[PDB]
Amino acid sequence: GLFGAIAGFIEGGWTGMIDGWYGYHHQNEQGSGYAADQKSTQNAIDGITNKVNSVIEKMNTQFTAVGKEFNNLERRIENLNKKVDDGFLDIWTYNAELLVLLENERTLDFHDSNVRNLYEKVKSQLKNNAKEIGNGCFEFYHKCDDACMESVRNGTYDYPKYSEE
């Protein structure tokens, strides 16, 4: 991964989370579970939707296109016609396959980027109040309840309120 997150320092994905691409999985005293991040998932959905739509827009539908007949004294024109149809076919096959290979690479990295950025939005909120294990997990110090867990995914954590460390 270009961003070292997916298949990186976060070794695997969660079949458990099913309401988004990126999200969290907390611990609590009040139980465990998964949660999707509307912010970063919707943002990714909009983007990828636009990429697909954009790629398709640049491919204009092929209207009526029929071959032509030539008599036995027009072989030169016939080969010319063939050379043109094959020329264009070669180019459009190349473009299509090539664009997809490239936007697939960029797409995977786009997700890898969103995960890292998400892991960092969290890490930049918590700071001292928790320590970084690995696997993209944070070990709290101040005992965080469901309402506190929410404030994290909410982007409203209120760091100045912990020192129970």
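Only the largest set of C-alpha atoms that superpose within 1.5 Å between the two forms is called the rigid core. When you see a residue number, it is the position in the sequence shown, counting from 1.
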Fit on the core, then compare CA atoms: does 152 to 160 or 14 to 22 lie farther from this form in 5 other deposited structures of this protein? 152 to 160
26 to 34 versus 39 to 47 - greater average Cα B-factor per the deposited record: 26 to 34
Higher-B stretch (mean Cα B-factor, as the entry records it), 48 to 56 or 132 to 140: 132 to 140
From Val122, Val66, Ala96, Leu102, which pick has the Cα B-factor that tops the rest in the entry? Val66
Looking at the C-alpha B-factor of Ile10, is it in the lowest, middle or highest third of its chain? lowest
Consider only the C-alpha atoms of the modelled residues in this chain, order them by B-factor as the entry records it, and name the third containing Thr107: lowest, middle or highest. lowest
Give the position of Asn117 by CA B-factor within its chain, expressed as the lowest, middle or highest third. middle
